[PDB]
Amino acid sequence: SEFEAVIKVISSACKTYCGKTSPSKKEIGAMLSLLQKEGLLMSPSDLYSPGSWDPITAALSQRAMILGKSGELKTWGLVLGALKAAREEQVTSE
């Protein structure tokens with residue numbers, strides 16, 4: 001389904017643009033599903049839009065501060081790094 005396809009795209013991007021630090025597919029899935037739970041994303045593909053990136057950081061930051069749950073924030077740090085790197089690579093090539 002779309003959820004699994006997005007996890008696989010993100011995993012691949014992370015391998016290319018992070019490397020050794022890459023989060024596992026289930027960690028990416030936990031982060032993505034939590035963001036859906038909190039209403040930040042409708043479709044899992046909404047994560048790809050640069051317009052969602054600051055809202056996601058804010059929400060996961062808030063979760064760490066209020067619940068002491070920072071796992072998803074750490075995963076996002078890696079995912080966002082890879083997404084920014086990918087976008088920047090596309091920008092400079094285009």
Side-chain angles (χ1 to χ4, degrees):
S1 79
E2 190 180 4
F3 188 83
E4 297 82 6
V6 169
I7 287 162
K8 285 179 220 311
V9 168
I10 295 301
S11 185
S12 186
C14 283
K15 285 177 192 172
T16 305
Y17 292 104
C18 318
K20 299 190 172 182
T21 352
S22 186
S24 63
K25 289 186 289 299
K26 294 191 191 172
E27 280 167 292
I28 296 161
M31 175 205 74
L32 192 51
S33 198
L34 175 69
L35 293 169
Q36 291 176 284
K37 183 218 166 202
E38 297 297 334
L40 274 100
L41 310 174
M42 337 264 318
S43 165
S45 66
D46 290 344
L47 197 96
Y48 294 148
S49 186
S52 63
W53 297 349
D54 289 339
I56 289 155
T57 298
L60 299 179
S61 176
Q62 286 284 323
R63 175 177 172 80
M65 285 190 288
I66 294 161
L67 309 178
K69 292 176 167 193
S70 64
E72 296 83 4
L73 183 60
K74 297 183 180 182
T75 302
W76 174 240
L78 294 150
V79 172
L80 175 61
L83 292 176
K84 282 186 160 189
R87 186 202 61 182
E88 282 152 16
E89 168 93 83
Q90 146 152 44
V91 160
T92 58
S93 286
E94 175 195 40

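Basis for what follows: all heavy atoms, side chains included, without hydrogens, waters or symmetry-related copies. Counting from 1, the numbers follow the sequence of the chain as shown.
- Closest approach of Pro55 and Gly51 over heavy atoms only: CD-O, 3.5 Å.
- Between the side chains of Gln36 and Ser33, no donor-acceptor pair of N or O atoms lies under 3.5 Å.
- Here the side chain of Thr92 pairs a donor or acceptor atom with the backbone of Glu89 at under 3.5 angstrom.
- With values rounded to the nearest 0.5 angstrom, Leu47 atom CG is found 5.5 Å from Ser52 atom OG.
- In this structure, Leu41 CG and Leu34 CG are separated by 9.5 Å, a value rounded to the nearest 0.5 Å.
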Review item, side-chain donor-acceptor pairs of residues 68-80, under 3.5 Å, at least two apart:
| residue | atom | partner | partner atom | Å |
| --- | --- | --- | --- | --- |
| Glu72 | OE1 | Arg63 | NE | 2.9 |
| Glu72 | OE2 | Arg63 | NH2 | 3.3 |
| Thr75 | OG1 | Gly71 | O | 3.1 |
| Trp76 | NE1 | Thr57 | OG1 | 2.8 |

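- Cluster membership check: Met65 does not share its hydrophobic cluster with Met31, using side-chain heavy-atom separations under 4.5 Å among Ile, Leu, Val, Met, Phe, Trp and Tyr.
- The two residues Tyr48 and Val6 come nearest to each other via the heavy atoms OH-CA, 3.4 Å.
- Here OH of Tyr17 is found 10.0 Å from CD of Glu88. Values are rounded to the nearest 0.5 Å.
- From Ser61, atom OG reaches atom CG of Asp54 across 11.5 Å, with rounding to the nearest 0.5 Å.
- Taking SG from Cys18 and CD1 from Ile10, the interatomic distance works out to 9.5 Å, rounded to the nearest 0.5 Å.
- For the atom pair CG of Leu60 and CD of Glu38, the computed distance is 9.0 Å after rounding to the nearest 0.5 Å.
- In this structure, the side chain of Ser12 does not engage the main chain of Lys8 through any donor-acceptor pair within 3.5 Å.
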